[PDB]
Amino acid sequence: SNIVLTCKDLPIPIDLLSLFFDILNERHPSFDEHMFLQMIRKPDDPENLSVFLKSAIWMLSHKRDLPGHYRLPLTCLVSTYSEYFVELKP
Amino acid sequence: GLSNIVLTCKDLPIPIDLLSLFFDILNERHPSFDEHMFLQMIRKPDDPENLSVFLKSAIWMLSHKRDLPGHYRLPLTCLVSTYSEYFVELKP
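- For this entry, the PDB record names X-ray crystallography as the structure determination method and reports a resolution of 2.00 Å.

1. Regarding the environment of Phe36 of chain A
Residues and elements named next belong to chain A.
Phase 1 of the analysis: Its location among the elements puts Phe36 in helix α2 (residues 33-41).
Phase 2 of the analysis: Residue classification places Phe36 among the buried residues on the basis of a relative accessible area of 6%.
Phase 3 of the analysis: Put simply, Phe36 and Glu26 are ten residues apart on the chain and 13 Å apart in space, counted from C-alpha to C-alpha.
Phase 4 of the analysis: Other than its neighbours up to four places away in sequence, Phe36 contacts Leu17, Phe20, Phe21, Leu24, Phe31 and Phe52.

2. Quick look at the packing of aromatic side chains
Phase 1 of the analysis: Per the stated rule, a full pass over the model turns up twelve aromatic pairs over all chains.
Phase 2 of the analysis: Taking 5.5 Å as the distance between ring centres and 75° as the angle between the ring planes, the aromatic pair formed by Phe21 of chain A and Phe36 of chain A counts as edge-to-face. Of this pair, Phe21 of chain A sits in helix α1 (residues 14-27) while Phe36 of chain A sits in helix α2, placing them 15 residues apart in sequence. Each member of the pair, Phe21 of chain A as well as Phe36 of chain A, is classed as buried.
Phase 3 of the analysis: Taking 4.7 Å as the distance between ring centres and 40° as the angle between the ring planes, the aromatic pair formed by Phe22 of chain B and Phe54 of chain B counts as tilted. Taken together, the residues span a long stretch of sequence, with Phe22 of chain B in helix α1 (residues 16-29) and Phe54 of chain B in helix α3 (residues 48-63) at a distance of 32 residues.
Phase 4 of the analysis: Accessibility expressed as a relative area gives 1% for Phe54 of chain B, which makes it buried.
Phase 5 of the analysis: Taken together, the aromatic side chains of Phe20, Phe21, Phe36, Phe52, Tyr81 and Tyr84 of chain A make up a single cluster linked through ring pairs.

3. Brief notes about the nonpolar core
Generally speaking, soluble globular proteins have nonpolar side chains that are buried together.
Phase 1 of the analysis: Residues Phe20, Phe52 and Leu74 of chain A together with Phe54 and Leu76 of chain B are the most contacted members of the largest nonpolar core, which totals 51 residues.
Phase 2 of the analysis: Listed by contribution, the elements that provide at least two residues to this core are α1, α2, α3 (46-61) and α4 (71-82) of chain A together with α1, α2 (35-43), α3 and α4 (73-83) of chain B.
Phase 3 of the analysis: Considering each element in turn, this core owes the most residues, eight residues, to α3 of chain B.
Phase 4 of the analysis: The residues contacting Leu74 of chain A, other than those within four sequence positions of it, are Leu16, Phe20, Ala56, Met59, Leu60 and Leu66 of chain A.

4. Overview of the state of the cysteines
Residues and elements named next belong to chain A.
Phase 1 of the analysis: Within this structure, the stated rule accounts for two disulfides over all chains.
Phase 2 of the analysis: Linked covalently through their sulfurs, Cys7 and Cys76 form a disulfide whose S-S length is 2.1 Å. As the torsion about the S-S bond is roughly -55°, the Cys7-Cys76 disulfide counts as left-handed. With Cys7 in the segment before α1 and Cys76 in helix α4, the pair connects residues that are 69 residues apart, well separated along the chain.
Phase 3 of the analysis: Residue class for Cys7 comes out partly exposed when judged on its relative accessible area of 24%.
Phase 4 of the analysis: Under the relative-accessibility criterion, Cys76 is labelled buried at 4%.

Rules of the game
Residues numbered from 1 in each chain as written, not as in the entry; some residues may be left out. Chains lettered and ligands numbered in written order. Heavy atoms only, no water. Helix = DSSP H or I, 4+ residues; strand = E, 2+ residues; numbered from the N terminus. Buried < 20%, exposed > 50% of the residue type's maximum accessible area, 1.4 Å probe, protein only. Contact = heavy atoms within 4.5 Å. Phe/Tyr/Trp six-rings, centres within 6.5 Å; stacked < 30°, edge-to-face > 60°. Core = buried A, V, L, I, M, F, W, Y, C linked by side-chain atoms within 4.5 Å. Disulfide = S-S within 2.5 Å.

What follows is the structure, encoded as structure tokens:
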């Protein structure tokens, strides 16, 4: 009836992270490869985290050609990474 | 009654003034985002654009708002984390 998924051990297609980076970096050209990997590793700046999450949210809320098999892992990325805001303050 | 009730997100208490503050900030940025749409979103987001706007206000409060009370951080992050989940089935 109901399935519980741990977003932390959920597989993420490499092509999704690549797409996500491409979209975020087009929007914010100063958001480079190195900063993207540091975000995946551990968010360390609230404004950068904000822009990272906002690109993922745009992809989920506006992008009409997002492959449907990216919806679950991309949503899990949003839910997982938003958690860093508890300690990461302006 | 509404002052004494403990609402929870993922078993974490969400202070009632936090929901009021969230609504006030969201509604100030988007005056057409009324109380009824706010309550519907709370019950079940039904529009990906409206949910996007709802989440972006909460993310703004966490990322930019310097005077957000400290004890609001965990419940508000909970709300972000939980309401984002609706995107799995809610498509543009």
